[PDB]
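Each residue of the sequence shown is one higher than the one before, starting from 36 at the first, in the numbering used here. Idealized CB from N, CA, C, for every residue including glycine. Heads up: the structure comes next, in structure tokens.
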Amino acid sequence: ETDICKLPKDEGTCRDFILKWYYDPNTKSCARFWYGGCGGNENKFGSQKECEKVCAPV
């Protein structure tokens, strides 16, 4: 599906931490990660449900 969903998990930098979700193409599912608030990429969603809608196969 879109190549944003295949970007690596990127915890980024800064210390304004928010728990986000990213799509893991190796499990074909979304997982949690901590984002520091700076320096991330777009494989980054506020909820598992939104990550799954955008990126999951099914």
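Rounded to whole angstroms, the separation of the alpha carbons of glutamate 36 and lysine 88 is 11 Å.
A direct Cα-to-Cα measurement between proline 43 and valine 93 gives close to 21 Å. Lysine 41: not part of any beta strand (DSSP E); DSSP gives it neither H nor E. In this model, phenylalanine 52 and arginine 67 are separated by some 13 Å (Cα to Cα).
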